[PDB]
There are 2 protein chains.
Amino acid sequence: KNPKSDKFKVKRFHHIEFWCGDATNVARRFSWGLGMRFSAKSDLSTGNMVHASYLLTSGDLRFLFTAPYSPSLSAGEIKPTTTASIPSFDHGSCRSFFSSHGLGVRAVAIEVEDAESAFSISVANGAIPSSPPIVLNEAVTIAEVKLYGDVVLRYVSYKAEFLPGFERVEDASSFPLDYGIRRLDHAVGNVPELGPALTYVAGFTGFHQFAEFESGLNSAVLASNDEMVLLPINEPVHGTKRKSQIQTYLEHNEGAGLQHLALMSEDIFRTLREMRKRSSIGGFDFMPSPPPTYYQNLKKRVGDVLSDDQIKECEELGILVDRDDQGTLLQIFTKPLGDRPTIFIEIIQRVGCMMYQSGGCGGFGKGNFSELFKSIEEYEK
Amino acid sequence: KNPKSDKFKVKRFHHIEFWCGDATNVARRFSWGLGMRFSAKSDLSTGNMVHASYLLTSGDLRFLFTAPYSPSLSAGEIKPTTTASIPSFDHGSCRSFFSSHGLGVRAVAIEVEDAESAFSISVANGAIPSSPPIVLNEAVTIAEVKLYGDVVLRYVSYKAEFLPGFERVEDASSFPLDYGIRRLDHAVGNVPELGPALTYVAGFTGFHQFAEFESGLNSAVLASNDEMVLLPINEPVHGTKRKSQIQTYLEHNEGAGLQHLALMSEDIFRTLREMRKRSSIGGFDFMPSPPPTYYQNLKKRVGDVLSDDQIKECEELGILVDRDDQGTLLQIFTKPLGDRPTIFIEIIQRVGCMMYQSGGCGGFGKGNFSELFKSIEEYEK
Ligand SMILES: Cc1c(C(=O)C2=C(O)CCCC2=O)ccc2c1c(=O)n(CCCCc1ccccc1)c(=O)n2C
Ligand SMILES: Cc1c(C(=O)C2=C(O)CCCC2=O)ccc2c1c(=O)n(CCCCc1ccccc1)c(=O)n2C
Ligand SMILES: [Co+2]
Ligand SMILES: [Co+2]
């Protein structure tokens with residue numbers, strides 16, 4: 001059931017912004033590890049005396065990495081005279097965010113029809129304002145409201161190239177890396193209490209609950225009208241046998257924040273081959289692979305979707321597989337992206353639900369919690 | 001002239017420590033960009049609840065990357081009960097250092113015969129103490145004094161594997177990258193006034209001035225007894241035609257700090273080939289190459305040291321060449337390592353002064369300031 005109750009017109013995920021200590025080093029690491037190309041910049045070389053911001057792209061996926069310069073460079077500026085390209089940026093907020101949470105997502109940005117309207121409607125419906133609508137070069141409007149913890153939901157709308165004030169990157173500095181990642185599928189928050197988090201976000205967006213089907217969590221998913229913007233939220237389940245990874249997150253993150261970004265690949269086999277080649281030479285590591293029993297058990301569960309060779313390819317790469325009543329999900333998880341056991345990345349590809357492919361086809365892999373557990377125990381004996 | 005006036009016994013450069021916001025991402029970037037392998041770690045997985053520290057090595061070169069965790073993880077600790085492996089570390093100092101200066105060198109560490117004695121003698125001779133001598137597992141002693149700005153000179157001495165509390169890194173996580181870098185040749189500070197900086201450092205070390213032979217700088221070099229520890233210091237020259245890069249450094253760094261690290265390569269051609277292959281895929285960029293006139297002029301200046309083919313190889317890679325009365329220097333400079341136009345890296349190789357090779361053979365390339373200028377002007381016409 002999809003009541004299509006969005007209170008404003010939402011299009012697609014637009015970009016994800018990381019707040020960093022040094023944007024250069026994070027962006028270069030992510031570019032190599034994920035196969036994303038350097039696409040735009042806003043920094044000292046473009047006249048920005050406030051923050052350094054670097055944009056990586058792969059297909060429609062946009063990762064933005066931002067860090068503050070010394071406030072002394074912009075001491076004489078005021079907001080009306082700012083050289084910042086992102087008017088919501090604040091030195092003190094950025095440093096406090098990073099000192100509190102470490103490296104992580106500050107902004108989940110969605111493209112909307114009218115960011116000014118989306119902001120007004122959201123706040124009228126309970127959203128806590130974070131940054132009011134600002135029109136950039138009469139061309140792009142940006143606004144922000146609080147999502148959870150210190151993460152904001154950023155609205156962007158275009159009259160009609162990332163943002164005014166950003167420059168396209170020189171061809172020589174823009175190596176065309178591509179491991180097959182194409183868009184952001186979903187962005188997941190960890191909170192202490194799921195109930196109030198859902199009520200708050202669903203309250204100001206009109207996003208509806210997306211239908212699902214001792215893991216340490218309870219979860220629910222909020223979706224836009226066409227279910228292409230997908231925002232799952234988790235809370236811990238306490239007293240468990242093994243300590244909840246949601247609770248570990250909240251402790252090391254100093255509270256609620258973004259837990260994982262799921263990146264859709266047009267060819268998850270090639271993406272995982274390319275990322276795993278680079279794990280130990282600057283890229284990303286992956287969670288330990290499931291035992292062979294997990295892949296033996298794949299034949300009975302998805303043998304009508306994947307050949308034995310394609311299942312064997314899943315086993316080589318450590319890929320997990322889950323299935324809905326509608327579609328099939330191939331997924332895998334990186335180890336944490338930085339120092340803290342907080343944010344990580346999921347790579348996914350979805351099979352089925354053709355009409356284009358409908359959003360969330362195959363679910364989010366929650367069935368893999370028990371299938372992993374079963375496969376571990378079976379492999380022991 | 002070398003009066004050999006060290007006030008304590010100094011051996012070699014031991015390691016350089018960067019203070020980071022996220023040590024994981026900087027270390028992974030540097031590892032790929034410079035060809036250094038992951039060698040040791042001290043972090044949550046080793047019981048360190050205070051800081052994450054990752055050690056890269058290439059030959060004898062040791063780069064340490066450290067960032068603080070949330071203070072909440074270690075809230076119940078006191079110094080006598082600390083889980084930090086580096087007892088001088090302080091959350092507040094680290095965050096203040098990084099917020100003030102951005103990514104950069106906190107510690108220039110030299111191995112000494114007795115770090116306790118070196119510290120006492122240094123402070124008795126005017127050194128400003130930063131962290132007193134601490135004995136780690138009855139095996140290693142570490143002490144720190146102020147060098148310039150917020151950079152410390154760290155003394156380390158061993159009774160007899162990096163530091164107690166560090167673990168050797170798993171073979172699978174330790175890819176054996178190597179582009180030929182072998183040791184730290186010199187570490188350079190930028191200060192507002194060279195005179196007092198030299199008097200202070202030479203005062204507490206007994207290091208002597210190393211003999212040299214409109215660039216924006218005045219410079220001098222302090223050296224240990226065998227001239228293997230080399231600490232150049234620069235100050236700006238104001239009112240210049242082009243603005244002094246030393247002054248730009250001080251403005252963007254918020255004052256004095258480490259300007260560049262010079263890394264000796266056993267094969268600068270191979271190092272530069274490997275680093276340049278990786279510049280646009282996560283590694284380091286290099287300064288713009290000199291015009292062909294610079295390499296035409298090489299034949300008259302070093303044609304007795306390098307063949308035409310080796311000079312042509314310098315031209316392919318953008319390598320600079322300078323010469324002493326004793327030796328020849330091959331050198332090249334990276335663009336800044338992070339967001340701010342502050343710290344950068346120099347790759348060098350020295351030809352001559354065989355006895356082993358004596359320290360500083362060929363100088364530091366100051367002759368390349370005028371040779372660059374001349375070659376630029378000549379190439380214009
Ligand atoms: C996150 C995840 C998902 C997932 O995507 C997701 C949603 O999108 C929304 C619904 C709730 C939810 O869970 C599905 C299955 C997972 C996992 C997962 O995380 N794990 C491993 C634990 C430890 C990994 C880890 C890696 C790095 C750092 C910390 C923890 C699994 O085993 N399954 C099987
Ligand atoms: C540093 C450097 C050295 C050098 O090593 C050095 C010493 O060891 C001690 C003595 C003083 C000194 O100078 C020698 C020659 C250099 C340079 C140098 O820097 N430049 C370029 C300017 C701009 C580069 C830059 C790169 C990245 C960011 C900011 C500035 C040169 O042209 N020559 C020719
Ligand atoms: Co997911
Ligand atoms: Co130098």
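The figures here come from the full heavy-atom set of this structure, side chains too, leaving out hydrogens, waters and symmetry mates. In what follows, chains are A, B, ... by sequence order, proteins preceding strands, each numbered from 1.
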Taking all heavy atoms of B/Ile246 and all of B/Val191, pick out the closest pair and write down the distance.
CG2-O, 4.3 Å
How about B/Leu263 and B/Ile345: do any of their side-chain heavy atoms sit closer than 4.5 Å?
yes
Flag the pair B/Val169 / B/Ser39 as yes when at least one side-chain heavy-atom distance between them is below 4.5 Å, and no otherwise.
no
Which pairs, with at least one residue in residues 253-279 of chain B and sequence neighbours excluded, count as a ring-ring contact (aromatic ring centres under 6.0 Å, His included)?
B/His186-B/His260, B/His260-B/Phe344
Between B/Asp324 (side chain) and B/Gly327 (backbone), is there a donor-acceptor pair under 3.5 Å?
no
For a quick check under 3.5 Å, do B/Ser219 and B/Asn234 share a side-chain donor-acceptor pair by atom type?
yes
Evaluate the criterion side chain to side chain contact (heavy atoms under 4.5 Å, CB included) for residue pair B/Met275 and B/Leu34; output intermediate values, then yes/no.
CA-CA 6 Å; B/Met275 291 186 72; B/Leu34 288 152; 3.5 Å; yes
Under a 3.5 Å distance rule, please check whether B/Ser31 uses its side chain to pair with a backbone N or O of B/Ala27 as donor and acceptor.
no
Pairs in or reaching into residues 247-258 of chain B: which pass salt bridge (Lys or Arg N to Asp or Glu O under 4.0 Å), with residues at least two apart or in two chains?
B/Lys243-B/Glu251
Please report the C-alpha distance between B/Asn253 and B/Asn190 in whole Å, then the side-chain angles of each, then the deciding distance to 0.1 Å, and finally whether the side chain to side chain contact (heavy atoms under 4.5 Å, CB included) criterion is met.
CA-CA 10 Å; B/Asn253 202 62; B/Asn190 277 352; over 6 Å; no
Shortest non-hydrogen contact between B/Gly21 and B/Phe98, atoms and distance
N-CE1, 3.4 Å
Report the C-alpha distance between B/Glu266 and B/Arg182 in whole Å, list the side-chain angles of each, state the deciding distance to 0.1 Å, and finish with yes or no for salt bridge (charged side-chain N to carboxylate O under 4.0 Å, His left out).
CA-CA 6 Å; B/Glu266 65 159 29; B/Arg182 290 295 181 261; 3.5 Å; yes
Mind checking whether B/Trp19 and B/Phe97 have ring centres under 6.0 Å apart?
yes
Would you say that B/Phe207 contacts B/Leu231 through its side chain, given a criterion of any heavy-atom pair below 4.5 Å between the two side chains?
yes
Quick check on salt bridge (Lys or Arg N to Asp or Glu O under 4.0 Å): which of B/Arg12, B/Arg154, B/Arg62, B/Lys11 does B/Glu111 satisfy it with?
B/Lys11
Is there a side chain to side chain donor-acceptor pair (under 3.5 Å) between B/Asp267 and B/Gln349 once you walk through the steps?
CA-CA 7 Å; B/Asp267 181 355; B/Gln349 188 162 21; over 6 Å; no
Check the side chains of B/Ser88 and B/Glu144 for a donor-acceptor pair under 3.5 angstrom, ignoring hydrogens and angles.
yes
Give the intermediate values and the outcome of side chain to side chain donor-acceptor pair (under 3.5 Å) for residues B/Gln331 and B/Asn368.
CA-CA 10 Å; B/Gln331 64 181 172; B/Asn368 267 322; 2.9 Å; yes
For the side chain of B/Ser307 and the backbone of B/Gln310, is there at least one donor-acceptor N/O pair under 3.5 Å apart?
yes
Working note: B/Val108 + B/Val151, criterion side chain to side chain contact (heavy atoms under 4.5 Å, CB included); need CA distance, chi angles, decisive distance, verdict.
CA-CA 7 Å; B/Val108 177; B/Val151 183; 4.1 Å; yes
Ring pair (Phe, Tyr, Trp, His ring centres under 6.0 Å) with B/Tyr249: which residues, sequence neighbours excluded?
none
Let's go through B/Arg270 and B/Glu274 carefully: what are the C-alpha distance in whole Å and the side-chain angles of both, what is the deciding distance for salt bridge (charged side-chain N to carboxylate O under 4.0 Å, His left out) to 0.1 Å, and is it a yes or a no?
CA-CA 6 Å; B/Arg270 152 162 145 266; B/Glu274 293 279 41; 5.2 Å; no
Considering residues at least two apart in sequence or located in another chain, which fulfil the ring pair (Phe, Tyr, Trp, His ring centres under 6.0 Å) criterion with B/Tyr155?
B/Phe8
Would you check if B/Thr82 and B/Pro87 make a side-chain contact, meaning some heavy-atom pair closer than 4.5 Å?
no
Answer yes or no: is there a donor N or O on one side and an acceptor on the other, between the side chain of B/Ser58 and the main chain of B/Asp178, under 3.5 Å?
no
Give the ring-plane orientation class for B/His14 versus B/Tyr158, where under 30° counts as parallel, over 60° as perpendicular and anything between as tilted.
tilted
Can you list everything that forms a ring pair (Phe, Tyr, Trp, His ring centres under 6.0 Å) with B/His252? Sequence neighbours excluded, please.
none
Is NZ or CZ of B/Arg301 both nearer than 6.0 Å to the six-membered ring centre of B/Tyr294 and within 45° of the ring axis?
yes
Between B/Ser85 (side chain only) and B/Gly165 (backbone N and O only), is there a donor and an acceptor less than 3.5 Å apart?
no
Report yes or no: is the cationic atom of A/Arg29 (NZ for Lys, CZ for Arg) closer than 6.0 Å to the six-membered ring centre of B/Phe30, at no more than 45° off its axis?
no
Please verify the inter-ring angle class for A/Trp32 with B/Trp32; under 30° counts as parallel, over 60° as perpendicular, anything in between as tilted.
parallel
More than 12 non-hydrogen atoms from neighbouring residues, nucleotides or ligands closer than 6.0 Å to NZ on B/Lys146, yes or no?
no
Examine B/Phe63 together with B/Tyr54 and report whether their ring centres are nearer than 6.0 Å.
no
With distance as the sole criterion, is a donor-acceptor pair present between the side chains of B/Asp339 and A/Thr24 under 3.5 Å?
yes
Check this for me, if you would: do B/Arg323 and B/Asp304 make a salt bridge, where the nitrogen-to-carboxylate-oxygen distance has to be below 4.0 angstrom?
yes
Using atom types as modelled and distance alone, determine if a side-chain donor or acceptor of B/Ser122 lies under 3.5 Å from a backbone N or O of B/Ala118.
yes
When you look at B/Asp185 and B/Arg350, which way does the salt bridge (charged side-chain N to carboxylate O under 4.0 Å, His left out) test go after all the steps?
CA-CA 10 Å; B/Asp185 184 89; B/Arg350 304 182 174 279; 2.7 Å; yes
Could you tell me whether the side chain of B/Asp322 reaches within less than 4.5 Å of the side chain of B/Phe364, counting heavy atoms only?
no
Distance col, row A/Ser173:OG vs B/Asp285:CG, nearest 0.5 angstrom, shows 6.0 Å
Tell me, do B/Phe210 and B/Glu227 make a side-chain contact under 4.5 Å, heavy atoms counted?
yes
Any idea which heavy atoms bring B/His91 and B/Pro68 closest together, and the distance?
CD2-CB, 3.6 Å
Which residues pass the side chain to side chain donor-acceptor pair (under 3.5 Å) test with B/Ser53, not counting sequence neighbours?
B/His51, B/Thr66
Is any side-chain heavy atom of B/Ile181 closer than 4.5 Å to a side-chain heavy atom of B/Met36?
no
Which heavy-atom pair separates B/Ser131 from B/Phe119 by the least distance, and what is that distance?
O-CE1, 3.4 Å
Could you check whether any side-chain heavy atom of B/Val145 comes within less than 4.5 Å of a side-chain heavy atom of B/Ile128, counting everything from C-beta outward?
no
Exercise: identify the closest heavy-atom pair between B/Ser244 and B/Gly216:
OG-O, 2.6 Å
Test item: B/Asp6 side-chain N/O and B/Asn225 main-chain N/O as donor-acceptor pair under 3.5 Å
yes
Using modelled atom types only, decide if a donor and an acceptor are shared between the side chain of B/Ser358 and the backbone of B/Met355 within a distance under 3.5 Å.
no
Between B/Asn48 and B/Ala84, the two heavy atoms sitting closest are OD1-CA, 3.7 Å
Looking at B/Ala262, is its backbone amide N or carbonyl O close enough to the side chain of B/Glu346 to form a donor-acceptor pair, meaning the two atoms are under 3.5 Å apart?
no
Is a donor on one side and an acceptor on the other found under 3.5 Å between the side chain of B/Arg278 and the backbone of B/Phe284?
no
